[PDB]
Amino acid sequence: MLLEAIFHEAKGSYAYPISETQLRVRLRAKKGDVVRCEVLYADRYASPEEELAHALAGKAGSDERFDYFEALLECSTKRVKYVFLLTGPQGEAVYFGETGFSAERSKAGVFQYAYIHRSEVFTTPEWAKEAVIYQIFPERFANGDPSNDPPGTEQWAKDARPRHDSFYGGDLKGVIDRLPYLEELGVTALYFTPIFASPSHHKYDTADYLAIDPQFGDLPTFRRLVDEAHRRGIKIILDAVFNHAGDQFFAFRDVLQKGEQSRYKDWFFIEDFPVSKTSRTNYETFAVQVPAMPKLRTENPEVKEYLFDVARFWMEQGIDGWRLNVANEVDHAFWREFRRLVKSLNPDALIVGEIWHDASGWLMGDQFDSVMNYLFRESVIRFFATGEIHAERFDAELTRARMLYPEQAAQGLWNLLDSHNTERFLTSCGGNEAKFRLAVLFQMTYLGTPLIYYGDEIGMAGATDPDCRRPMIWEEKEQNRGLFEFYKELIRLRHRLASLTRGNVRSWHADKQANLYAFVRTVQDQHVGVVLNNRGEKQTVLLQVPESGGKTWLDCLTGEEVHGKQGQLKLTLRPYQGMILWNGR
């Protein structure tokens, strides 16, 4: 077996505890190269003459090129030394340890996890483990208060087509009025984009981190929404824009005024004075040359404590969490501390990060709890919407992302389809509703936290920013209530099947020819199998289903009963159909 392709490290996403006494270990190797993987272990100070405990590493999944093996280690001592025993497709065995590969357990060495401190067990909020979040872009959801509209507000019609500077009147009062709709739908949390004082319609260019923007309301109205939402089982997550401030932020303006006499010049990255008010900025900003968004020096204690107080104040209004905008561009020390402050102020406040590349650095358990799953979106787009990838590539991409981080994080990844930064999924699907629904059926049953973008639930469409930010369709006859009900039902299933919210994932079938993909979620003795006929034609499959995990399943969407004959289940699905099979346990 190609030894150069065998990986593992006693830390990170390959070694970590899931309790003060249990260590999870994962190992990867070239696909099909290793057939069996066992973990021989013991206490670090245990005598050489003592008996080595065993542990069988299960084949947790396999992507395009790798096989992932996973096993659990019981460590009452909270200290452990372990070595792997890999067997090839032809009896060939070999030990794998910190020293290297040897046919003699001794010469291979033995990996070590020095100690499992209880304060380092990756822990995330319990409510966020089984949530369905709804993303609200305030300016475009509901105008409940006509009196606070910006000047030049355009019509709130379905044929409306926003500009980079348009305003429609969306406010917090509108949200509050819509809580019945949100509750009917079944969402358990609402993610808001920035809602703090700022001149734009997106408000990511913060003018005052301590005041709800005037066109959105006031502290009372906000407090009111938080309460009205809570009594309906709906939590509130706000968008923290800590990487940069808007050029209206008091501190920036003071610099713009007093130049390098400013008590706040080191709160930013100023290269020379005076500070530019042109198209050529002489201060660091978000992205490239974006005058309105100067970068905050979060490394500066002065700036850190301020932003931290901004956190305290909103946390004092009762919000349940944060989504950290452009988080990968602010220092780790800030986030570790931000975590200690947040989590001490409220143990159940969820911290979600927005990173557009491997986020394993912020997902060890001492910073964020999860992040936006842009990976889930790229896989879903290319599989369901554009048809650029088949069931087997889909399976792979899905699995590679699964192994990226520790389970605590993976379990809570915000699985989105689109955002206020992309074309609307239904549009990615070229208006094809059939394909659209299958993606939702998948999103609502897959591993992670499903995130619904306002309007998708009733059929809205649109190109990227700003056409994806159209005013919400509220007139019932202009809404696809058929879809609404579809969402509602799936949302009820997810809440009802513990498997769907707390189980693990395992591929079940993937025919690249038929383009049929299926997986199975499992928690304790419950099993739920999702079959997806992602093709425009009627098709028939035979899925391998040993009767140890049940010989009978029930299609949760239709109520049809299916049975296994000699360990094989034969299904027939209509074009673009998907069945959600519960094993009754």
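Don't overthink the numbering: it's just position in the shown sequence, from 1.
A.B. asks: Higher average CA B factor in the deposited record is what I'm after, so tell me if that's 303-311 or 237-245.
C.D. replies: For C-alpha atoms only, the mean B-factor is higher in 303-311.
A.B. asks: Going by the B-factors listed in the PDB entry, is the mean over the C-alpha atoms higher for 256-264 or for 124-132?
C.D. replies: Stretch with the higher mean C-alpha B-factor: 256-264.
A.B. asks: So among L296, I351, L86, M460, who wins on Cα B-factor in the entry?
C.D. replies: Max CA B-factor in the entry, restricted to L296, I351, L86, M460: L86.
A.B. asks: Using the entry's values, work out which of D218, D159, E489, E388 has the largest Cα B factor.
C.D. replies: In the PDB entry, the greatest C-alpha B-factor among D218, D159, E489, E388 is found at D159.
A.B. asks: State the tercile, meaning the lowest, middle or highest third, of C75 with respect to the CA B-factors recorded for its chain.
C.D. replies: For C75, whose C-alpha B-factor we compare with every modelled residue in the chain, the answer is the highest third.
A.B. asks: Is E271 in the lowest, middle or highest third of its chain when residues are ranked by C-alpha B-factor?
C.D. replies: Highest third - that is where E271 ends up once the chain's C-alpha B-factors are sorted.
A.B. asks: So where's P406 on the chain's Cα temperature factor ranking, which third?
C.D. replies: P406: CA B-factor falls in the lowest third of its chain.
A.B. asks: What third of the chain, by the recorded C-alpha B-factor, contains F69?
C.D. replies: According to the entry, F69 has a C-alpha B-factor in the chain's lowest third.
A.B. asks: So where's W362 on the chain's Cα temperature factor ranking, which third?
C.D. replies: Lowest third - that is where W362 ends up once the chain's C-alpha B-factors are sorted.
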